[PDB]
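These protein sequences, in sequence, are chains A and A'. A prime marks a further copy of an entry chain. With the authors' numbering applied, the first sequence corresponds to residues 7 to 129, in that order. With the authors' numbering applied, the second sequence corresponds to residues 7 to 129, in that order.
There are 2 protein chains.
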Amino acid sequence: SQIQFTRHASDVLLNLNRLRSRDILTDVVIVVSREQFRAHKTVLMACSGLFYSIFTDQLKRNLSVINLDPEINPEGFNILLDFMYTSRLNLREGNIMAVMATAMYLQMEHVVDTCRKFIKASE
Amino acid sequence: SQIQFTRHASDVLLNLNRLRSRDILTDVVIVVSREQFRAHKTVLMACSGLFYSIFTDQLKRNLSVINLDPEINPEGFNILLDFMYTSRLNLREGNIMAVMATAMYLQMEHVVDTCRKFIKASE
Ligand SMILES: O=C(Cn1ccc2c(=O)[nH]c(NCCc3ccccc3)nc21)Nc1ccncc1Cl
Ligand SMILES: O=C(Cn1ccc2c(=O)[nH]c(NCCc3ccccc3)nc21)Nc1ccncc1Cl
Numbered sequence: 007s008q009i010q011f012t013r014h015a016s017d018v019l020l021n022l023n024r025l026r027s028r029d030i031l032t033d034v035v036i037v038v039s040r041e042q043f044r045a046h047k048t049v050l051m052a053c054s055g056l057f058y059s060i061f062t063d064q065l066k067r068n069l070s071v072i073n074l075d076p077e078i079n080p081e082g083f084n085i086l087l088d089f090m091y092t093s094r095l096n097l098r099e100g101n102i103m104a105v106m107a108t109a110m111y112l113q114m115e116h117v118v119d120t121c122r123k124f125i126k127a128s129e
Numbered sequence: 007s008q009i010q011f012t013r014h015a016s017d018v019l020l021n022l023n024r025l026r027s028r029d030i031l032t033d034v035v036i037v038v039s040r041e042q043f044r045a046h047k048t049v050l051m052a053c054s055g056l057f058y059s060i061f062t063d064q065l066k067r068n069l070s071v072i073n074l075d076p077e078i079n080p081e082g083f084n085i086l087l088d089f090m091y092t093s094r095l096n097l098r099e100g101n102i103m104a105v106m107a108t109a110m111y112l113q114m115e116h117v118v119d120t121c122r123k124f125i126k127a128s129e
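Set out below in structure tokens:
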């Protein structure tokens with residue numbers, strides 16, 4: 007009865023990334039050391055147990071700024087934020103440990119497991 | 007270099023639909039005759055030329071209520087809103103003309119073309 011549009015979810019995500027790139031309807035700034043990253047809380051909640059847990063709570067739902075642990079790796083966060091908006095995870099030898107540790111902190115279980123498989127499949 | 011997560015966009019969209027179902031971070035009511043439908047403007051902009059054109063404009067970006075033409079078919083709209091959040095288009099003989107006319111009004115070109123192919127593939 008239904009008609010499956012196989013590229014619709016990917017097209018939506020690309021358009022959501024275009025809106026982020028233009029600061030259209032962005033509602034939060036994530037501060038990570040000296041970095042600031044704007045985003046849509048909806049996308050953060052959709053991709054991260056940590057963000058889901060923060061914004062589902064009525065007490066913190068309307069926060070416009072989130073300060074992460076100053077010890078959180080800014081390149082690791084940037085890689086994971088790009089992943090959330092693209093479905094593409096840039097894992098490399100130079101960044102794997104930073105990305106895996108950041109994904110554990112953001113409670114991105116499927117990404118952590120993928121980093122594990124990565125470590126296992128690499129030297 | 008990148009690692010493609012083939013189900014990430016679909017998982018994001020499902021989670022965005024869960025947020026809609028719970029009225030979490032919904033920011034607009036679409037009024038269609040005697041019906042009210044809550045949604046995320048980001049998702050409306052991602053799926054519809056009409057909503058994109060309305061909310062990209064700074065003048066209308068912060069509108070919390072949109073009244074559609076009272077002549078817009080509420081079942082047609084409901085079908086298309088469900089499609090936006092699911093990638094699944096419930097086309098049937100009893101609704102095809104209402105959905106196609108509503109998709110033209112919402113400027114959902116790929117959905118209109120799919121309705122055309124539907125008409126062509128049916129008696
Ligand atoms: O699933 C996610 C985000 N998301 C992505 C990856 C991932 C993860 O690895 N762990 C968790 N743990 C929190 C799970 C939880 C707790 C309480 C109730 C329901 C779900 N969450 C993760 N978001 C979501 C869930 C349900 N409705 C709406 C949304 Cl936006
Ligand atoms: O593409 C869409 C929505 N969307 C879905 C289907 C569909 C359609 O069939 N026609 C149009 N016409 C408006 C096209 C336009 C006009 C001016 C500038 C760019 C694009 N839009 C459609 N949204 C979008 C585009 C670019 N950045 C961000 C977003 Cl959210």
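For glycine and all other residues, C-beta sits at the position ideal for the given N, C-alpha and C.
Member of the options whose CA lies at the smallest distance from the CA of residue i
| i | options | result |
| --- | --- | --- |
| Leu112(A') | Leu25(A'), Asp75(A'), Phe124(A') | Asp75(A') |
| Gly55(A') | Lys123(A'), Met114(A'), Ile78(A'), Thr120(A') | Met114(A') |
| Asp33(A') | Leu65(A'), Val117(A'), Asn101(A'), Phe61(A') | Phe61(A') |
| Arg13(A) | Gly100(A'), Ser93(A'), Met110(A'), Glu99(A') | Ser93(A') |
| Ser70(A) | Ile125(A'), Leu50(A'), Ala104(A'), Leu31(A') | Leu31(A') |
| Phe11(A) | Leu97(A'), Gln10(A'), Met110(A') | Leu97(A') |
| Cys53(A') | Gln8(A'), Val118(A'), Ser128(A') | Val118(A') |
| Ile72(A) | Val38(A), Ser7(A), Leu20(A) | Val38(A) |
| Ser27(A) | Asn68(A), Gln64(A), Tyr91(A) | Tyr91(A) |
| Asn23(A') | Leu20(A), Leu22(A), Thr48(A), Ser16(A) | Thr48(A) |
| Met106(A) | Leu19(A), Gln64(A), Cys121(A) | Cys121(A) |
| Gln8(A') | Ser7(A), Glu99(A), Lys126(A) | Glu99(A) |
Three-way DSSP call (helix, strand, coil) for residue i in this model
| i | result |
| --- | --- |
| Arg122(A) | helix |
Other residues of its chain near residue i: CB distance less than 6 Å, five sequence neighbours each side excluded
| i | result |
| --- | --- |
| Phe43(A) | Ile36, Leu87 |
| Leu95(A) | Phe89 |
| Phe57(A') | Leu50, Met51 |
| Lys66(A') | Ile60 |
| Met110(A) | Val118 |
Nonlocal neighbours in the same chain, by C-beta distance under 7 Å from residue i, ignoring five residues either side
| i | result |
| --- | --- |
| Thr108(A) | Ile78, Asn79, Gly82, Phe83, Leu86 |
| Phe124(A') | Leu97, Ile102 |
| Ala104(A) | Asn79, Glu81, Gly82 |
| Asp17(A) | none |
| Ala127(A') | none |
Sequence-distant residues of the same chain with beta carbon closer than 8 Å to residue i, five excluded per side
| i | result |
| --- | --- |
| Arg40(A) | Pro80 |
| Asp29(A) | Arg44 |
| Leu25(A) | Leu31, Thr32, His46 |
| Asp63(A') | none |
Those runs of the alpha helix (DSSP H) which lie wholly inside the stretch 35 to 103 of chain A and span at least 4 residues: 47 to 53, 55 to 61, 80 to 92
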